[PDB]
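Engineer: build me a model from this:
(chains A, B, C, D, E, F, G and H, ligands or ions: 4)
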Amino acid sequence: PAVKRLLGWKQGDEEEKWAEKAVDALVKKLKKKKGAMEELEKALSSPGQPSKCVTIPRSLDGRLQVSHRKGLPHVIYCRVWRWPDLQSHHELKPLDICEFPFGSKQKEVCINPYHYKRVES
Amino acid sequence: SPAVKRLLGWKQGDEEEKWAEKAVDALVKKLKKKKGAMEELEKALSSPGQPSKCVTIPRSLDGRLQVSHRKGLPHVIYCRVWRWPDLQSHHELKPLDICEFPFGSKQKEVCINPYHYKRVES
Amino acid sequence: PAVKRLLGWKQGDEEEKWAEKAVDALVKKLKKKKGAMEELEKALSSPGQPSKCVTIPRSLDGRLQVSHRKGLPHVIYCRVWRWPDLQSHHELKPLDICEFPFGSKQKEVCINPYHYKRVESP
Amino acid sequence: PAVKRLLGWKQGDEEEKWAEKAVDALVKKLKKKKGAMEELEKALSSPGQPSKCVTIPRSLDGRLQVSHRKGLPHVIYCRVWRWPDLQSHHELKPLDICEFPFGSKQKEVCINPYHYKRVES
DNA sequence: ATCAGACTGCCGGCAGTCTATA
DNA sequence: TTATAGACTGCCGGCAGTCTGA
DNA sequence: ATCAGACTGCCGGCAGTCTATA
DNA sequence: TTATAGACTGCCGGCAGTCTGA
Ligand SMILES: [Zn+2]
Ligand SMILES: [Zn+2]
Ligand SMILES: [Zn+2]
Ligand SMILES: [Zn+2]
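Structural biologist: Residues are numbered from 1 along each chain as shown, chains lettered A, B, ... in the order given. Ligands and ions are numbered 1, 2, ... in the order given. Provided below are the atomic coordinates:
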């Protein structure tokens, strides 16, 4: 409503600024992969309908660096698109469907937030 | 870039950001009743350089505002929303000599202009 | 053994220095009452046999002060002689046995260890 | 004063109980070396007159394990005998006198508190 | 369904009164 | 008995969260 | 100018070896 | 002489931030 005009002026916290930076890094990695962008948007678009793994190269430690701060990608993007407060990779368990989950220690890793489930420690 | 906007449309907001919207909604409802205040507030945020007049809302006896079950100080809130998200005390804010109704005054009404206040370490 | 010699050289943490000062304060108010130390020392000496109330004037505020640090008298001494880690009075249960417990609002308080029991806080 | 009789019945917190446990390990450990015990008592007894290094064998990590708690020896004993609030080895600098300070990385290390000085930062 | 005004709780600092001690 | 030093009760402040009634 | 792969620091737990003491 | 009790070194893990180099 009228509030929409005002919230344009709301400034963003440091995290959201970072989150935006983290997403840009993702699209840069995902553009080289063909079709991956649409599957993620479809994955994000609809919760119910399964989606194919969306993958990125997996580091030796598995930590991604974005804008000077390291993190684990599935943690980062699940926090971005599903649970903002998600505290650690311990809170995430992979799904049976996921071809390239985090534990697998394979070459690429699936960062689709809907391939994971949140659990209490 | 636009595709990033398409994806970031799907981003979730932290409890606070969800709250900031609720606080802004509460103010506009309270602020809509006075008719000349609404445009000036937008003009003050719209214009950084030119000063703009006090925008007022009633001061409770203790001075706390309640939005969605959590109380706050009205001036720190909207300063937190529109200027400094990192703001955490009213001790960090010093009113300006311009403000007819600052928080310290203990008057009937309070000025919610984020730009009538100044940020200081303390 | 020889360790006794070395531990004489050991330094004490700020709290243990505070504990000594608080105990010094207790006997000073306690010395005015005759024999109270003996019932207290016997109570501390033997856990099993119950012992008479040892009381101190109860402030309006209920807070005792020793050297700029306020506290609740029954908590302070239960912390000295029974539980060093006692965090707050909620953790303490008075006894049906005790004639004078902190919850009592008379103008005196019984600070007897072994007259209270430790319970899990809410 | 008269309080000394009752204050014996004061209970001791977890740290002090450990401190005694730490001191006991030292002497038992420090008894095989001859004369060290006297020098340490002399070291502690007299603050102004200097005393020779008091030594114990130095591990690969430099950490000493006592009663399930790992620590650095010169830190422990300075904390016991000199500054109880001493937080870390950073706060400690050796004296020009000390023959086997912590930095030396020698076969044995000097745990005499008075061979060290406390420093800001 | 939600907020304003009340309350109590908790926690400090402070000043006038209080206690040693020479 | 007297003067000067440090004590603490009591009072005050801020802070923050709960609850009934508007 | 920014990120991957390294390193060290810090801090715990763990297991095999050591030491009393019966 | 032997076995069983408790001890600790050394090693190991995860964690986190720095730095050089691609
Ligand atoms: Zn997947
Ligand atoms: Zn103003
Ligand atoms: Zn009692
Ligand atoms: Zn030395």
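Engineer: just the angle between the longest helix belonging to chain A and helix B:15-32, please?
Structural biologist: The helix that spans the most residues within chain A, counting by DSSP state H, is helix A:14-32. Counting by axes from the mean of the first three to the mean of the last three C-alpha atoms, to 10 degrees, helix A:14-32 lies at 120 degrees to helix B:15-32.
Engineer: quick check: closest non-adjacent residue to residue A:106.
Structural biologist: Distance criterion C-beta to C-beta, 6 or more residues apart in numbering or on different chains; nearest residue to residue A:106, sequence neighbours excluded, is residue A:100 at 6.0 Å. In this view, the C-beta of every residue, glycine as well, is placed from N, C-alpha and C.
Engineer: cool, residue A:67 as well?
Structural biologist: Using C-beta to C-beta, 6+ apart and skipping residues adjacent in sequence, the residue nearest residue A:67 is residue A:21, 4.4 Å away.
Engineer: that neighbour: neighbouring residues, count only.
Structural biologist: 13 (other C-beta atoms under 10 Å in any protein chain shown).
Engineer: re earlier: ok, now which ones touch the residue nearest to residue A:106?
Structural biologist: A:53, A:55, A:106, A:108-110 (C-beta atoms under 8 Å, 6 or more residues apart in numbering or on different chains).
Engineer: mind picking the two most distant members of these?
Structural biologist: Greatest spatial distance among those (C-beta to C-beta): A:53 and A:106, at 10.8 Å.
Engineer: more neighbours: which of the two?
Structural biologist: Each of residue A:53 and residue A:106 has its neighbours counted (other C-beta under 10 Å); residue A:53 has more, 18 against 13.
Engineer: grab the nearest non-local neighbour of that one.
Structural biologist: Spatially, and ignoring its direct neighbours in sequence, residue A:53 is nearest to residue A:110 (3.9 Å; C-beta to C-beta, 6+ apart).
Engineer: cool, residue A:11 as well?
Structural biologist: Nearest one to residue A:11, counting by C-beta to C-beta, 6+ apart, is residue B:85 at 5.7 Å.
Engineer: what residues does chain A have near DNA strand G?
Structural biologist: For chain A, the contact set with DNA strand G under C-beta under 7 Å from any atom of the strand comprises A:21, A:25, A:57, A:59-61, A:63-68, A:70.
Engineer: next, give me the two most distant ones among those.
Structural biologist: A:21 and A:60 (22.9 Å).
Engineer: pull the contacting residues for the most centrally placed residue in chain A.
Structural biologist: Against the mean C-alpha coordinate of chain A, by C-alpha atoms, centre = their mean, the closest residue is residue A:77 at 1.7 Å. Residue A:77 makes contacts with A:22, A:26, A:111, A:113, as judged by C-beta under 8 Å, 6+ apart.
Engineer: please look at the last one and residue A:44 and confirm they touch.
Structural biologist: Which is residue A:113. Yes. Taking C-beta atoms under 8 Å as the definition, residue A:113 is a contact partner of residue A:44 at 7.5 Å.
Engineer: got the residues of chain A near ligand 4?
Structural biologist: Chain A has no residues near ligand 4, with proximity defined as C-beta under 5 Å from the ion.
Engineer: quick one, helices of chain A?
Structural biologist: Using DSSP H, helices in chain A cover A:3-7, A:14-32, A:36-45, A:73-81.
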